[PDB]
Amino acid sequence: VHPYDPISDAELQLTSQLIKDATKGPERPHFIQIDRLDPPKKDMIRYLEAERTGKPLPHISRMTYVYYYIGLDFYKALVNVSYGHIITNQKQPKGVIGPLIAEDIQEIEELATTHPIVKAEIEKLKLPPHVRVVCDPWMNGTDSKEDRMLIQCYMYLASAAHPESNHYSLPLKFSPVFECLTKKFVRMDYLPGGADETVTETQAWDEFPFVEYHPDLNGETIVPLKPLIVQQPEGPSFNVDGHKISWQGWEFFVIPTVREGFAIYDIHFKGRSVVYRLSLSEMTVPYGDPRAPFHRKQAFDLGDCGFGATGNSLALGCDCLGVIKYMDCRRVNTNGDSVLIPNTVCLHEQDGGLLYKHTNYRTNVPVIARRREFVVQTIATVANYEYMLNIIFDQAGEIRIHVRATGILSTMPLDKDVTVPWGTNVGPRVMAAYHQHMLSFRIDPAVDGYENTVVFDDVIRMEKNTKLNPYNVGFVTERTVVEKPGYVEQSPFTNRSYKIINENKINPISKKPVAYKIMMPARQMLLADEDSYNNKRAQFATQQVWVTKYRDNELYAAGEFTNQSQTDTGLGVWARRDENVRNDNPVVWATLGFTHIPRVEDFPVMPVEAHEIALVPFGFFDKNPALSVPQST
């Protein structure tokens, strides 16, 4: 029972039992989230040390956290499940609101088509019997001080005849708002369908131009394909022992977590340390339609919902090609039970093309190796969206963070003959507003050991017309050291390169500190004005790379409670501490910015758009580490 292990049924239920026992009276605890805390890092580095060198393993208590409500009051407790005691069980200040949970959303979704005010609104549409109404409950977002947990219910039409009909293809022009925990009606909002902010009372609905994606409904003739099969007749080249993966020189743990999907720990390659913990830390999805209620669409999908909570089961359709191993996730329900989320993480090899090749032109004798890869993947369904998260390792020591966005666009109503400059029309009566997906990747590096420095290098021209450079072609690198928490500015035109180095371990060939470098393209950051709540709640989304000093339980880039937050309680605080991070424990938070101008081809379901960040050794080894890979032949 390893300290990194994901939460068990017994730990999750013990945690809720203890809260139930501690809560007196008739309003019972309403559970929101429960998961296992990481072991304290200083302690766990000693545990792993002992585990690698066969010495006796130190005690590390298993700890969990719980978010729960008692009536309208929100609570966060810390529980020691090794010894069965609550350590802290604290009511949170006014305005701190927990994540959404499936059971509460289901309740509100039911209500949004059942409530008499909403039935009466629906009646004004004068729907024929072949058309039904569907609701997507959304988190409220923030445009004001608001301490109540509110649900903004987006309303749509679907075909009554088929349960997979594409409601996103026909948005309505009203949206009711409920208070989540009491189930009380709050107000009915009206949505503009025209070129500006004008709304009207609910009119009879004239036409039903659905744009269906499902094969039974889309009327598209299927163009056949011949099979392409992948086999591993002798089995896979990776081992899983508990949660410990071994493959081609790599050793690391892969742990499912309810908030991140999975996290990867204690990453070593060829026996050397590389990265202590790697995860998707947050993702904010701000929309750019300036009009109400749309301006409030800024989910924080990890913080408001959780990538593990929302993970698909990968085993029964075949998302992963080859010989696959799987892991499960668990979540609490509102009752405090452990709900299994089966097969959310898949692990498998695949072929990544060529790894290297060279032929001597004099002899035509080649050396060549294929780029075998090991993939860790999870896919989250977040209402309309699909996000596929992959971490891919290869035999040259590279770690590749690879995301594909797919699923369905979040859609707005559109009246006849209207266009808008902040959205693309994607169906005869449906518009998809422009948005961004701003992801933060948390990389706690341990490059060749636990004292690291973050740096960035620029590539710059040499002074022209000198004795040294008389032909005006020379160019050189210069390095800047990150001394304190903060961000680094992007600079694509000096080929700026972020690296984490170990100043204490010198490469004996290049004579510079060993390093890993980050590979990522320059990207547009937060488009919302600085004077906006979107800016205040998500500082990470405003710069490409952030550095903090490590702290236990500082994991989520916009802070622990994002749902309807008023301000950033993650990097917006942490990256401002005035402390030393040189030759220490800097933690890197890389922002992957994706501005999404939807196109028609993204509808009714969208082809994958891929985004990637790579961590690659840079003077970490004393020669290409892939000389150990068999020849391709």
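In case it trips you up, residue 1 is the first one in the sequence shown, and so on.
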query	finding
Which of 166-174 and 129-137 has higher mean CA B factor, as the PDB entry lists it	129-137
621-629 set against 9-17, stretch whose average Cα temperature factor tops the other in the entry	9-17
Largest Cα B-factor, entry values, listed residues 293, 492, 322, 559	322
Top residue by Cα temperature factor, when 594, 589, 603, 47 are compared in the entry	47
Chain thirds of CA B-factor: placement of residue 40	middle
Modelled-residue ranking by C-alpha temperature factor, third containing residue 83	highest
For residue 317, the third of its chain into which the C-alpha B factor falls	highest
Residue 145 CA temperature factor, ranked by third within the chain	highest
Entry-reported Cα temperature factor of residue 446, expressed as the chain third it lands in	lowest
